[PDB]
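The listed protein sequences derive, respectively, from chains C and A. Taken in order, the first sequence gives residues 14 to 195; the numbers are from the entry's author numbering. Taken in order, the second sequence gives residues 14 to 195; the numbers are from the entry's author numbering.
Number of protein chains: 2
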Amino acid sequence: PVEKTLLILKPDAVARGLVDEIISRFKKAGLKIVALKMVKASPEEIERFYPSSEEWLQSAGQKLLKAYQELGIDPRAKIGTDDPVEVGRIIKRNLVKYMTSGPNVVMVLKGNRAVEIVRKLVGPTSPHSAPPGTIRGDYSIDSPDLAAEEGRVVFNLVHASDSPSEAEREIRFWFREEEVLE
Amino acid sequence: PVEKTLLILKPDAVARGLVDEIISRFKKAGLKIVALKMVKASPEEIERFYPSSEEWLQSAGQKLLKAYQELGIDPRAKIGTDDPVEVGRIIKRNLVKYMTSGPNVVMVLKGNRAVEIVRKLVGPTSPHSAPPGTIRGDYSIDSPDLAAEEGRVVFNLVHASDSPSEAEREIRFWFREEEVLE
Numbered sequence: 014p015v016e017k018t019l020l021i022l023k024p025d026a027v028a029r030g031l032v033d034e035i036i037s038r039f040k041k042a043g044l045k046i047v048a049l050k051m052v053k054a055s056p057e058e059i060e061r062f063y064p065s066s067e068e069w070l071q072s073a074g075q076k077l078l079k080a081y082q083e084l085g086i087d088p089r090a091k092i093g094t095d096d097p098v099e100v101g102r103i104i105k106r107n108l109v110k111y112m113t114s115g116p117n118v119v120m121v122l123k124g125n126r127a128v129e130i131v132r133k134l135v136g137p138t139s140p141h142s143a144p145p146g147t148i149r150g151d152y153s154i155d156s157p158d159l160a161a162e163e164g165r166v167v168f169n170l171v172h173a174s175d176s177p178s179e180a181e182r183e184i185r186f187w188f189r190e191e192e193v194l195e
Numbered sequence: 014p015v016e017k018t019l020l021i022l023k024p025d026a027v028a029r030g031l032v033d034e035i036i037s038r039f040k041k042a043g044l045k046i047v048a049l050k051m052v053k054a055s056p057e058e059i060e061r062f063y064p065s066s067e068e069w070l071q072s073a074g075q076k077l078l079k080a081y082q083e084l085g086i087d088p089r090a091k092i093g094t095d096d097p098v099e100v101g102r103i104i105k106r107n108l109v110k111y112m113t114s115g116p117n118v119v120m121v122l123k124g125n126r127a128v129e130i131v132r133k134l135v136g137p138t139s140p141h142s143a144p145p146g147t148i149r150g151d152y153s154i155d156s157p158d159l160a161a162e163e164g165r166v167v168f169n170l171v172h173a174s175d176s177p178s179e180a181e182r183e184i185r186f187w188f189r190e191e192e193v194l195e
């Protein structure tokens with residue numbers, strides 16, 4: 014039962030005309046788009062889309078605490094807390110603004126090892142350090158320090174399901190059974 | 014208040030991987046995509062999307078009849094009737110079968126004089142005489158003789174609204190207010 018993954022083009026990405034450039038890369042690799050739609054998500058939808066586990070909030074929190082040390086930013090002065098879970102809730106809230114600020118395009122990609130292949134093509138979380146050839150490296154120059162100073166998340170173009178399991182959940186979230194056509 | 018039009022990539026064109034190539038031509042011209050979805054359409058849906066006016070059936074019918082005549086096909090031996098409206102109903106059934114044969118991708122394109130622009134970019138009905146530069150001349154080599162010989166419609170990649178009037182209708186038909194995003 015061939016593997017599927019969910020990909021979202023975030024609002025900067027759509028507004029900049031990158032839909033077709035990004036679709037072209039998956040196509041050329043041999044992935045089929047088996048669902049596709051442009052949507053305005055409400056904050057509610059984005060809130061339930063992203064996890065709410067403590068583990069996730071916590072692990073997103075440390076990434077940014079680690080960041081704040083390197084730039085010498087006191088997180089207490091910057092966002093009012095140094096608590097990892099609380100900082101996670103602030104990141105999630107930032108995520109919600111950004112994914113809510115314009116239309117998204119959501120697609121399901123299907124092919125041998127879709128989930129890992131899409132992560133590989135998309136590239137790492139920071140575009141400034143994503144290698145050339147990757148979607149994030151070829152189409153963005155944003156960086157986690159700029160994001161930290163401007164009080165936002167990184168504008169890294171897309172979200173890709175980080176696992177088979179997470180993929181089945183995020184797919185079901187966006188698409189009813191008969192919108193996914195194989 | 015700026016003009017919009019409805020474009021459908023038909024199953025052949027979705028299957029051949031032309032979604033991104035086609036989206037690229039519109040983005041380059043300055044049109045914005047304001048609605049986009051991949052859909053598996055039912056027979057009844059396509060039945061209702063295409064007109065059922067005698068006027069429309071009649072004219073669809075004459076074009077095929079002219080086609081048969083230049084080919085020296087007897088429409089009575091070929092399809093059982095030579096009545097323009099009855100022929101239009103046969104074409105409509107063939108239209109339905111083809112648009113129903115796999116996923117379509119429906120989009121709404123907004124920009125100055127969108128309907129003509131998109132009609133201009135797409136090219137005339139037969140890809141075989143569509144000039145190079147147009148969507149139908151660059152991506153298809155189909156022709157009405159072959160289609161006739163083979164008891165089917167022309168595989169001409171797309172459907173474009175043929176007037177603003179018809180566009181406001183084809184737009185409502187496929188999208189709720191909330192999906193056509195302003």
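From the three backbone atoms N, C-alpha and C, an ideal C-beta is built for every residue, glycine too.
Item: In chain order, what residues of the same chain have a beta carbon less than 6 Å from the beta carbon of A/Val118, not counting five sequence neighbours either side?; Value: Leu22, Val27, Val32, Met51
Item: Count the other CB atoms, across all protein chains shown, that sit within 10 Å of the CB of A/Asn169; report buried if there are 16 or more and exposed otherwise.; Value: buried
Item: Name the residue from A/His172, A/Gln71, A/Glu67, A/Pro56 whose alpha carbon lies nearest to the alpha carbon of A/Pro137.; Value: A/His172
Item: Does C/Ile154 pass the burial test, meaning 16 or more other C-beta atoms within 10 Å, or should it be called exposed?; Value: exposed
Item: Looking at A/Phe188: is its Cβ nearer than 8 Å to the Cβ of A/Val121?; Value: yes
Item: Taking CB distances under 8 Å as the criterion, tell me whether A/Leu22 reaches chain C.; Value: no
Item: Is C/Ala80 near C/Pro157, with beta carbons less than 8 Å apart?; Value: yes
Item: List the endpoints of the continuous alpha helix (DSSP H) containing A/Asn107.; Value: 97–112
Item: Taking the beta carbon of A/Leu19 as the centre, do at least 16 other beta carbons fall within 10 Å, making it buried, or is it exposed?; Value: buried
Item: Within the same chain, show all residues whose beta-carbon is closer than 6 Å to that of A/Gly85, passing over the 5 residues directly before and after it, in chain order.; Value: none
Item: Please list, in chain order, the chain A residues whose beta carbon lies closer than 7 Å to that of C/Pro56.; Value: Per Cβ cutoff of 7 Å: no residues; C/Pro56 is ~15 Å from chain A at best.
Item: For the beta strand (DSSP E) that A/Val15 lies in, which residues bound it at each end?; Value: Per DSSP, A/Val15 belongs to no beta strand (DSSP E) and is neither H nor E.
Item: Determine, using beta carbons only, whether A/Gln71 and A/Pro88 come nearer to each other than 8 Å.; Value: no
Item: Buried or exposed for A/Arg149, please, with buried defined as at least 16 other CB atoms from any protein chain shown within 10 angstroms of its CB.; Value: buried
Item: From A/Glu191 to C/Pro116, what distance separates their C-alpha atoms?; Value: 11 Å
Item: What is the rounded straight-line gap between the Cα of C/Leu78 and the Cα of C/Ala90?; Value: 13 Å
Item: Buried or exposed, going by whether 16 or more other CB atoms sit within 10 Å of the CB of A/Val15?; Value: exposed
Item: Quick one, which residues of the stretch 109–120 of chain C are near chain A if we go by CB-CB under 7 Å, in chain order?; Value: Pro116, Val118
Item: Keeping to the same chain, check which residues put their C-beta closer than 6 Å to that of A/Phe186; ignore five residues upstream and five downstream.; Value: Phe62
Item: Using 8 Å as the threshold, is the C-beta distance between A/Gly124 and A/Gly30 below it?; Value: no
Item: Kindly give me the distance between the Cβ atoms of A/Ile104 and A/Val167, rounded to whole angstroms, as I take these residues to be in contact under 8 Å.; Value: About 10 Å; that fails the 8 Å criterion.
Item: For a contact meaning CB atoms closer than 7 Å, what does A/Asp33 contact in chain C?; Value: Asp33, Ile36, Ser37, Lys40
Item: Counting only beta-carbon atoms, is A/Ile46 nearer than 8 Å to chain C?; Value: yes
Item: List in chain order: all unbroken beta strand (DSSP E) runs of 3+ residues lying wholly within the stretch 150–184 of chain A.; Value: 171–173
Item: Just to confirm, is the Cβ distance from C/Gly93 to C/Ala73 under 8 Å?; Value: no
Item: Please state the DSSP three-state secondary structure of C/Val131.; Value: helix
Item: Going by DSSP, what residues sit across from C/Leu49 in a beta bridge?; Value: C/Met120
Item: Taking beta-carbon pairs under 7 Å, can you tell me which members of the stretch 70–89 of chain C lie near chain A?; Value: none
Item: Compare the Cα-Cα distances from A/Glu83 to each of A/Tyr152, A/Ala143, A/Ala161, A/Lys133 and report the closest residue.; Value: A/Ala161
Item: Closest by CA to A/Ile59, which one among A/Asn107, A/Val135, A/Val128, A/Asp175?; Value: A/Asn107
Item: Going by CA-CA distance only, name the one from A/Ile35, A/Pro24, A/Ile46, A/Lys41 that's closest to A/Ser55.; Value: A/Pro24
Item: Assign A/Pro24 to one of three DSSP states: helix, strand, or coil.; Value: helix
Item: What is the residue span of the alpha helix (DSSP H) that A/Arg89 lies within?; Value: 88–92
Item: Check whether the Cβ atoms of C/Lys17 and C/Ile184 lie closer than 8 Å to each other.; Value: yes
Item: Could you give the C-beta distance for A/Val128 and A/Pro177, rounded to a whole number, given that I count them as a contact under 8 Å?; Value: 6 Å
Item: Can you tell which of C/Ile35, C/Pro140, C/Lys45 has the C-alpha that lies nearest to the C-alpha of C/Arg126?; Value: C/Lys45
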